[PDB]
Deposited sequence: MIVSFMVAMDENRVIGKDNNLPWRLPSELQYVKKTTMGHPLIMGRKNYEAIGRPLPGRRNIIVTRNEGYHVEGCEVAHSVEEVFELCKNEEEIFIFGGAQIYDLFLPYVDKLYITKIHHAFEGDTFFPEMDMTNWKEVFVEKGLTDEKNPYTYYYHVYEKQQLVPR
């Protein structure tokens, strides 16, 4: 099962503030929605609560220590093992939100769906750093009136290597 990340980022690798996104990008969010369509959404509790509601078209799997955490139209996992368990028959998943959720799926990550907004915002949350990788795709995001920022979509798959 392909373990993919889906993050929208910043100049300073900002991916949030008190809980929500510092930017308002309906186009970006559409590219997000389309890309992950058909695949589960792996996201932490405070993250999903930022999102606000179950994103349709995909298994909404949530992560939390809380054994007694439930939320309608959503699956909940207390372990990475329990996510891999749930998504055992999945061809690909998308790690979505919570900087600490990334660090849990870090050891397994396969593909990186990183958006980079060319600005410096004020944010509390940030994205863990990484050493590789290998960019396979790149496209600029639509800067409109409703997308008042310049940002590009960046895809990264693991860098191979020629046997010594």
Deposited sequence positions missing from the model - stretches, numbered from 1, in order
132 to 133
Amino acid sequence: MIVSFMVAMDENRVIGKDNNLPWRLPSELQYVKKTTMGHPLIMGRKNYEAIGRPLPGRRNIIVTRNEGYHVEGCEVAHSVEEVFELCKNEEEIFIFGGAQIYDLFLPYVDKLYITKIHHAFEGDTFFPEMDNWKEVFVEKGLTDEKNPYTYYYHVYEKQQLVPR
From here on, numbers count along this sequence of modelled residues.
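Between two forms, the rigid core is defined as the largest C-alpha subset superposing within 1.5 Å.
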After fitting on the rigid core, which stretch moves more in 5 other deposited structures of this protein, 148 to 156 or 16 to 24, going by C-alpha RMS?
16 to 24
Between 60 to 68 and 118 to 126, which has the larger RMS C-alpha deviation from this form in 5 other deposited structures of this protein after core superposition?
118 to 126
Do the CA atoms of 99 to 107 or those of 121 to 129 have the higher mean B-factor in the entry?
121 to 129
Where do the C-alpha atoms have the higher mean temperature factor in this entry, in 84 to 92 or in 67 to 75?
67 to 75
Thinking about Cα B factors across the chain, which third does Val162 belong to?
highest
Lowest, middle or highest third of the chain for the C-alpha temperature factor of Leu55?
highest
Looking at the C-alpha B-factor of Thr115, is it in the lowest, middle or highest third of its chain?
lowest
Against its chain's modelled residues, does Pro148's Cα B factor rank lowest, middle or highest third?
middle
Entry-reported Cα temperature factor of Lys17, expressed as the chain third it lands in
highest
